[PDB]
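# Overview (structure and organization)
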Amino acid sequence: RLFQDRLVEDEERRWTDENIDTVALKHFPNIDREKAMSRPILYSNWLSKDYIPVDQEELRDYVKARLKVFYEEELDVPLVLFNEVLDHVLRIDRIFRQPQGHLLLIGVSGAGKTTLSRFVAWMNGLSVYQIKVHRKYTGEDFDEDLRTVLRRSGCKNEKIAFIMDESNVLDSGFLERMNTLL
Amino acid sequence: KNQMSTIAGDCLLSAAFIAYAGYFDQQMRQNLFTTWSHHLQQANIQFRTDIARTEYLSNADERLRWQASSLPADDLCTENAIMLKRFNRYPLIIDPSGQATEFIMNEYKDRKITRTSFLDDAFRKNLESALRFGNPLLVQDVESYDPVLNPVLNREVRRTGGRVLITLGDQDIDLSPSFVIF
Ligand SMILES: Nc1ncnc2c1ncn2[C@@H]1O[C@H](COP(=O)(O)OP(=O)(O)O)[C@@H](O)[C@H]1O
């Protein structure tokens, strides 16, 4: 979830996975491999209250079930579920449930971004805050927005999926504010 | 009956011509169409080998309408006039001639269309007034691009009810098959 996800190439992902297997078998002796690691190593806090290992059939049944209940809730356009969007939804939920999570999704335009996040925020009870852009958009308005969302997150004890686009990052001096915020 | 039996390759290729090959010139348009047709013939779909896009997708009624209109006798511009109607999302017209403006403001009269552009002074509030009204436009010369119409170009999903559609920034939107902006 930390390293194999970020790599561009499927060959790089395969090399990372097989070396994960290699290091696990090298420094975890006398342990059966078929239980030590498998292909669907997936965890969620929804099947139980523990991150129990989840097999392909039950996780796919869950993902069909959640999309079936999400059909009539918000999205009138049918979201298509498959091997990559399932993985990305579980990755984004793991990052949301982790403390101080902060995810950099690098990929082509459209393709699932700002709809996977909106969907996950809707099914997890989070709030969505987006920044509008006018002319002469100074950093003071952004600072006020950051102050209000920080007081909502801390003072009003409310988990926030603060989402930002490439259209509200045109200025330069306020970019490093998120750096020290992280 | 034969058209139902071999509608597959032909209408798939015509729709793919509308979708993908709109940026390219006549040479690349025809190269894409012929390569697609050869591969579809190799895909056990035996269709009309001799098909032109203006004779398959569109009809001679609108062909004669555009020929008798101010549009000149030229296959590229008649094909683009066909593309002006068989589209889905808001397009751009990359043109050095700019003759589409008189087309739009000549065949668009009953909607009380307004002449708007990008470099004019009537854009800091006329764009907002056009968003409030819900009227089509042909704003031109995109070199000082306004990032506030990205939600309009993006067509977000927000369902609350039903009225005259406009994809605003910070206000509720609706759905209707009436308005489209160029
Ligand atoms: N896996 C997917 N299944 C179905 N539709 C998808 C998928 N990924 C992206 N889309 C579609 O691609 C479009 C691009 O999304 P995007 O424009 O980023 O959403 P937004 O309108 O919030 O900006 C969306 O309208 C979405 O319906």
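Residues numbered from 1 in each chain as written, not as in the entry; some residues may be left out. Chains lettered and ligands numbered in written order. Part of a larger assembly, values for the part shown. Heavy atoms only, no water.

As recorded in the PDB entry, chain B goes by Cytoplasmic dynein 1 heavy chain 1 and comes from Homo sapiens.

Identification of chain A as Cytoplasmic dynein 1 heavy chain 1 from Homo sapiens is taken from the PDB entry.

A:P78, A:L79, A:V80, A:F82, A:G110, A:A111, A:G112, A:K113, A:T114, A:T115, B:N154 and B:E156 make up every residue found near the ligand. Neighbouring residues of the ligand are distributed over chains A and B. For the ligand, a nitrogen atom lies 3.0 Å from a polar atom in the backbone of A:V80. Contact distances for the ligand include 3.4 Å between an oxygen atom and a backbone N or O atom of A:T114. For the ligand, the protein covers 70% of the area, taking 550 Å² as the surface of the free molecule. Here the shell around the ligand is composed, by residue class, of 5 nonpolar, 5 polar and 2 charged. (Near = heavy atom within 4 Å. Polar contact = N/O pair within 3.5 Å; in protein donor to acceptor, adjacent residues only side chain to side chain. Areas by Shrake-Rupley, 256 points an atom, 1.4 Å probe, with all protein chains shown as cover. Nonpolar A, V, L, I, M, F, W, Y, C, P; charged D, E, K, R; others polar.)

Take a nonpolar patch on the surface next. A surface patch of nonpolar side chains, about 280 Å² in accessible area, is lined by A:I41, A:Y43 and A:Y51. We classify A:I41 as partly exposed; its relative accessible area is 42%. (Patch = residues over 30% accessible without salt bridge, like charges linked within 9 Å, V, L, I, M, F, W, Y side chains within 5 Å. Salt bridge = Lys/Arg side-chain N within 4 Å of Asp/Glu carboxyl O. Buried < 20%, exposed > 50% of the residue type's maximum accessible area, 1.4 Å probe, protein only.)

What follows concerns the packing of helix α2 (residues 7–19) of chain B against helix α3 (residues 26–42) of chain B. Residue and element names in this part refer to chain B. Where α2 contacts α3, the two axes come as close as 10 Å, and the packing angle between them is 155°. Classified by the angle their axes make, α2 and α3 are roughly antiparallel. The crossing of α2 and α3 is right-handed. Of α3, the residues touching α2 (which contributes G9, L13, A16 and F17) are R29, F33, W36, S37 and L40. Tallied by class, residues from the contact of α2 with α3 come to 6 nonpolar, 2 polar and 1 charged. (Axes fitted to C-alpha atoms, helices over the stretch in contact; angles between N-to-C directions. Helix = DSSP H or I, 4+ residues; strand = E, 2+ residues; numbered from the N terminus. Parallel < 35°, antiparallel > 145°, perpendicular 65-115°, else oblique. Left-handed = near helix turned anticlockwise from the far one by under 90°. Contact = heavy atoms within 4.5 Å.)

For the rest of this paragraph, the subject is the nonpolar core. All names here are of chain B. Residues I104, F123, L149, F179 and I181 are the most contacted members of the largest nonpolar core, which totals 21 residues. Secondary-structure elements contributing two or more residues to this core are α7 (100–107) and α8 (126–133). If near-sequence neighbours (up to four positions away) are discounted, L149 is found in contact with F118, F123 and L127. (Core = buried A, V, L, I, M, F, W, Y, C linked by side-chain atoms within 4.5 Å.)

What follows is about a negative patch on the surface. On the surface, A:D55, A:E57, A:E58 and A:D61 cluster together to form a negatively charged patch. Its place among the elements puts A:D61 in helix α3 (residues 56–70). (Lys, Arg positive; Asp, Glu negative; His and termini not counted. Charge placed at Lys NZ, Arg CZ, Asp CG, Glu CD.)

Let us look at the environment of B:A19. All names here are of chain B. Relative to the elements of secondary structure, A19 occurs in helix α2. Given the relative accessible area of 52%, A19 is considered exposed. Between the alpha carbons of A19 and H39 there is a distance of 18 Å; along the sequence they are 20 residues apart.

What follows concerns α7(B). Among all positions of α7(B), only B:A100, B:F103, B:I104 and B:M105 are buried. Buried-residue contacts for α7(B) involve α5 (60–68) of chain B.

Next up on the list: the interface of chain A and chain B. Facing the 13 residues of chain A at the interface are 10 residues of chain B. Summed over both sides, the interface of chain A with chain B buries roughly 880 Å², with 43% coming from carbon and sulfur. When the area that chain A buries against chain B is broken down by residue, the three leading residues are A:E74, A:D76 and A:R135, summing to 44%. Taken together, the links from chain A to chain B amount to 2 salt bridges. Close ionic contact of A:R135 with B:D146 constitutes a salt bridge, the shortest N to O distance being 3.8 Å. Taken together, the connections running from chain A to chain B amount to 4 residue pairs in polar contact. In terms of residue class, the side of chain A that touches chain B is made up of 5 nonpolar, 1 polar and 7 charged. (Buried area = accessible area lost by both parts, 1.4 Å probe.)

Locating B:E143 in the fold gives a position in the loop between α8 and α9 (150–154). Residue classification places B:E143 among the exposed positions, given a relative accessible area of 63%.

Here we come to unusual backbone geometry. All names here are of chain A. With phi around 45°, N30 is a residue other than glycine that occupies positive phi space. You can call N30 exposed: its relative accessible area is 75%. If you check the backbone angles, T114 has positive phi at about 50° while not being a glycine. Positionally, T114 belongs in the loop between α4 (83–97) and α5 (116–123).

To continue, consider the packing of aromatic side chains. Tallied over the full model, the rule gives 11 aromatic pairs over all chains. Between the aromatic rings of A:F70 and A:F119, the centroid separation amounts to 4.5 Å while the plane-to-plane angle is 70°, which identifies the pairing as edge-to-face. Placement of the pair is A:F70 in helix α3 and A:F119 in helix α5, with a sequence separation of 49 residues. Comparing A:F70 with A:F119, the two get one shared label, buried. Considering the side-chain rings of A:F142 and A:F174, the 4.6 Å spacing of their centres and the 65° angle between planes classify their relative orientation as edge-to-face. Within this pair, whereas A:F142 is found in helix α6 (residues 139–154), its partner A:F174 is found in the loop between β2 (160–162) and α7 (175–181), the two being separated by 32 residues in sequence. For A:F142, a relative accessible area of 6% corresponds to the buried category. Taken together, the ring pairs connect B:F87, B:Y108 and B:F182 into an aromatic cluster. A cation over a ring is seen here: B:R65 above B:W66, with NZ or CZ 4.0 Å from the ring centre. (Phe/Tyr/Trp six-rings, centres within 6.5 Å; stacked < 30°, edge-to-face > 60°. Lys NZ or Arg CZ within 6 Å of the ring centre and 35° of its normal.)

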